[PDB]
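The next block holds one structure in the form of structure tokens; read it before the comments.
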Amino acid sequence: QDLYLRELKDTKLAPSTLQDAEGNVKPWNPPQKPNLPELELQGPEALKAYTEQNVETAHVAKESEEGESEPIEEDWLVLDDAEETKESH
Amino acid sequence: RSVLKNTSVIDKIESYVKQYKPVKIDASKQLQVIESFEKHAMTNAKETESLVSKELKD
């Protein structure tokens with residue numbers, strides 16, 4: 001079917017210069033190469049944050065400590081205030 | 001990974017996670033001040049316990 005065959009061959013061929021052989025695109029005056037594989041190759045990381053979100057920041061946990069390892073001047077005040085709270089108990 | 005046919009970073013971020021697969025060790029740091037807290041605890045507790053065990057029969 002020369003209807004079918006010639007329509008389908010032009011259907012394959014006129015984008016075959018756009019996809020198979022990298023001859024840019026004869027009918028399009030803007031180019032096709034510096035849009036998706038060059039400019040928006042950083043597209044999703046122009047859609048997300050670069051260098052913290054996509055590099056993902058393997059970050060060390062900020063180390064919190066115990067109560068500064070001082071169990072004298074605070075525990076005896078706790079025991080005196082506990083005398084006070086038991087006088088309230 | 002094979003969902004993204006345009007992979008290009010999944011090896012990068014995968015080896016980034018496997019790089020930081022030893023994330024950070026935990027904090028079992030207290031073994032000196034915490035034993036002092038329970039030392040005061042056992043101190044005042046046995047004070048109370050001996051006093052009430054005396055004063056009950058008293």
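The way I read the labels, and the way they are meant: chains A, B, ... in the order of the structure tokens, residue 1 as the first residue of every chain, and ligand 1 as the first ligand shown, with later ones counted on from there.
Within the 12 Å cut-off around residue B:29, using only C-alpha atoms and omitting residues fewer than 3 positions from it on the same chain, the listed residues are residues 63, 64, 65, 66, 67, 68 and 69 of chain A; 25, 26, 32, 33, 34 and 35 of chain B.
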> Mind listing as number ranges by chain which residues of chain B are within 7 Å of chain A, counting only C-alpha atoms?
Replying inline: B: 20, 24, 30, 33, 36-37
>> Rounded to one decimal, what separation in Å do you get between atom CA of residue A:43 and atom CA of residue A:11?
In response: 29.3 Å
>> Please return, as a PyMOL selection string, all residues of chain A that DSSP assigns to alpha helix (DSSP H) on the basis of the backbone.
In response: chain A and resi 2-13+16-19+44-47+75-88
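Atom CA of residue B:5 is found 29.4 Å from atom CA of residue B:23.
With atom CA of residue B:8 on one side and atom CA of residue A:37 on the other, the separation reads 11.7 Å.
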